[PDB]
Every structure is written in structure tokens, then in C-alpha cells.
């Protein structure tokens, strides 16, 4: 069983890419489980055709304690037999993402959910502020092959750099490694070139460039993946290509994070960021 995680910031389609990748793996005959660890996204909605899946945190509070929770109420099967679980985001004002994911993983391990025919587990993790809590899957050596979803924009690339810093922090134990960057296109010129250049500086690869295509939203509105909604679409073949490359990937590395100066240099080289006129700084009109 390969223990994987998809990390990335919010608002760039990370969870839609994760679920479409997972659907492509199931189509290939792989047994997969998704464990949602992103308080800002529905990590399983497209596999289950659901509005919202009951979370481990919510159900544990409904049954009093996680000790009296039944696996059947938290683990659901959807398209292609993919098994789906949601951890539950932190209780507002009180919770910590690190505590929630420890609780979910310990529960699934005690109930034998990882023992199956399982070929892959994917943790879908919010990777923006890479604090100790959201890095808990790394610290606990559960997210062993990490793929970072990003886009050719400053905040998404900054997040990729901070996720890489988190991987570096734990390099002296366990075996957590970076497997590559996935570029979720935003229809920006030279975006593919930019993420390839970032991957090169980080010491990894851009494993796939995911195009923007209206069929993604046509499937999302029906609460499904493209693989299920229209397996003949061009975009379905894009997710199949990504899935094949993930299955076959042996290029797992400890990355080399960059400085903010180096990041700004990349954004300028590829036309995203304009040069700063230091001569007008502080000058009124």
C-alpha cells in the first residue's frame, strides 16, 4: 500500500484534481481510500455524489466519544469502489488540525481500514499555512509520497515552498518525500514553464499540467468526476495520464526550498510580476 498526500492552498481546485485523479486510479483497477484533511473543501463530494459527508469529529461528538464510533458511519464507498472518510476541520476557536488528523488516523487504524486490498491512500491536506497542525501527516510519517497542487501565482507557489520546508524539517526520521508538482492551470501564459522552473529549483518535477476545461465544471455541478461523467472527454485522458505517472513514479526527493527573492525572480522571468520602480516608492502624487 502506498501512503500518499495531496497538499496545496485553497481556491485553486486542489480537491477537484485529487478526486479526479483518484477516480482514474479506480478506473485502472486500483483500490483507493481518500481521507479528507482540508477544513475548507469537500474532499469526497465528487466520489459520493454527496452534499457533505459526515465527519469523524462530528460523529464522534454525536456518539459521545470516538470510542463508541462505528466504522460504517464514517467510511463510505462511492465511484469505482473508492472509500471516503472526512476527518472534520477544527472546532472553531478551539481545535487544532494536528489533533484532528491524529484522531482520524488512529481510529481508522484501530478499525482495520488500512488493512484491505488497498493499493493507495490519499490524504487531501490544506497546505497554505504549514503550521505544525497541518504538517501532522508529515510528522507522523503517514503522508509518505507528497504531491503539491499549485498554479502559476505567487500565493500558490509560496505555499508549495512552505510545504517543501515542512518536508525538509522531518527528513531525519520516517520517509516522507516530495513526488512532484501538479499544475492546475489558470489559463495564464507561460504557466507550465513557470512551474517547471519552480520544480527544477526545488529539486523535483512537474509531474502533470492539468488543463482548464468546461467539462470539469459540468461534472462538478452534478457532484461527479469527469472520469465518471464523461469517460470519452479529452480531460478524462488528462487525469488518466496523471494517474499513470503517479503509479509509475520513482522520483521521490527531499526538496530544496527557495528564498522569497528567488521566487520573485521566477515570477518576473515568466511575466507574472512586473519590475519594481524603486524610484517612486514613497512618492506622493
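Numbering follows the first chain given and starts at 1.
With 269 to 277 and 14 to 22 compared on mean CA B-factor from the PDB entry, the stretch scoring higher is 269 to 277.
The stretch 109 to 117 shows the higher mean C-alpha B-factor when 125 to 133 is compared against 109 to 117 in the entry.
Sorting 210, 178, 75, 150 by the CA temperature factor given in the entry leaves 75 at the top. Within the group 224, 32, 246, 61, the record's highest C-alpha temperature factor is found at 61. Annotation for residue 81: C-alpha temperature factor in the highest third relative to the rest of the modelled chain, per the entry.
Compared with the other modelled residues of the chain, the Cα B-factor recorded for residue 205 ranks in the middle third. The entry lists a Cα temperature factor for residue 44 that places it in the lowest third of the chain's modelled residues. Among all modelled residues in this chain, the alpha-carbon of residue 145 has a temperature factor (C-alpha) in the lowest third. Residue-level temperature factors show residue 139 in the lowest third of its chain, judged at the C-alpha atom.
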